[PDB]
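A.B. asks: So I pulled this structure from the PDB, and the sequence comes with it:
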Amino acid sequence: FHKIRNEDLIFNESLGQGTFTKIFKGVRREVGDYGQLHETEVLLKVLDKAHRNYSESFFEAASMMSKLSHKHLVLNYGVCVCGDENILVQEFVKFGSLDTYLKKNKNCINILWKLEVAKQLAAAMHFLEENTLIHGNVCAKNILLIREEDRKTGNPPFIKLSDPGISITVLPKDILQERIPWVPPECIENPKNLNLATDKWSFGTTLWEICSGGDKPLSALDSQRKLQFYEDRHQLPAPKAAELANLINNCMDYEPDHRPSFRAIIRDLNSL
Ligand SMILES: Nc1cnc(-c2cc(N)nc3[nH]ccc23)cn1
């Protein structure tokens with residue numbers, strides 16, 4: 001990772017919190033192409049000082065995202081590890097993450113919008129699958145909206161997949177259980193089972209989010225009941241707009257080896 005000095009970063013408003021992290025809007029002062037000076041809007045993702053012992057996994061997450069370059073993967077600009085800070089500096093995405101956007105625009109997101117976003121996410125995951133690169137935390141909170149749909153010019157929405165954060169292979173068990181049903185059953189059994197099939201399950205859960213208007217699946221269940229949901233081999237209810245429900249359930253297969261390739265997922269989406 002490129003090293004960015006603290007002096008070149010300005011922290012502005014808080015945008016929220018993640019697992020052992022806090023996120024801010026900020027500005028990066030930099031020399032850009034042709035030697036021009038720029039003040040660039042950035043997302044600043046800060047590891048909590050109390051959780052400094054996760055710094056390797058925290059940065060390994062971003063390192064994953066920058067191993068490869070792709071139009072549907074968030075851009076990491078660098079890191080700031082001056083002083084006692086562990087900061088990831090990322091591109092600033094004006095419209096934020098899809099969990100919020102789906103709730104706020106629930107009245108005007110239709111089947112075609114959801115299909116286009118699902119296709120784009122499946123394209124990103126196919127690229128990761130072809131490169132045998134595990135993401136490990138696919139969810140609507142980690143999908144960023146670069147561009148809104150503009151029917152007046154035909155333009156579809158455009159999304160990117162953000163970094164997974166600290167890996168489920170190192171997080172406390174209680175956090176993994178709270179993350180059912182994004183974390184697949186085999187990873188609740190043994191977080192070391194994380195592998196490419198993990199991301200097919202979580203893609204199903206994310207498609208359920210995209211079809212459910214801001215709702216979080218199983219949010220009414222406490223952690224014990226989420227565990228028992230897996231023990232009883234239940235599936236998520238179909239979204240009211242159920243066009244993708246069979247794909248959701250085929251991806252959320254309790255047998256990891258039976259989950260379909262992202263090539264097959266893409267062919268299924270193109271059939272609709
Ligand atoms: N790479 C990223 C990631 N998230 C945002 C973002 C934008 C916004 N308008 N509100 C937000 N609220 C929380 C996060 C966020 C921006 N850029």
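C.D. replies: Perfect, I can see it now. Numbers count the residues shown, from 1 in each chain.
A.B. asks: Could I get the full set of helices for the stretch 1-150 of the chain?
C.D. replies: Ranges of helices in the stretch 1-150 of the chain, per DSSP state H, counting those that start in this stretch, are 55-67, 98-104, 111-130.
A.B. asks: What residues does the stretch 101-250 of the chain have near the ligand?
C.D. replies: Contact residues, the stretch 101-250 of the chain versus the ligand (CB under 6 Å from any ligand atom): residue 144. In short, each C-beta sits where N, CA and C put it, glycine included.
A.B. asks: Tell me which residue of the stretch 101-250 of the chain lies closest to the ligand.
C.D. replies: The nearest approach of the stretch 101-250 of the chain to the ligand comes at residue 144, 5.3 Å away (CB to the nearest ligand atom).
A.B. asks: Give the closest residue to that residue in space, chain neighbours not counted.
C.D. replies: With CB to CB, 6 or more residues apart in numbering as the criterion, residue 144 has its nearest non-adjacent residue at 4.1 Å, and that residue is residue 93.
A.B. asks: correct me, but the one you found touches residue 146?
C.D. replies: Yes. Using CB atoms under 8 Å, residue 93 is in contact with residue 146, at 5.9 Å.
A.B. asks: So for those two, which residue has more residues nearby?
C.D. replies: residue 93 (19 against 15; other CB atoms under 10 Å).
A.B. asks: and that one, how far is that from the ligand?
C.D. replies: Residue 93 sits at a distance of 4 Å from the ligand (criterion: CB to the nearest ligand atom, to the nearest Å).
A.B. asks: before we move on, what about residue 6?
C.D. replies: Distance from residue 6 to the ligand, by CB to the nearest ligand atom: 20 Å.
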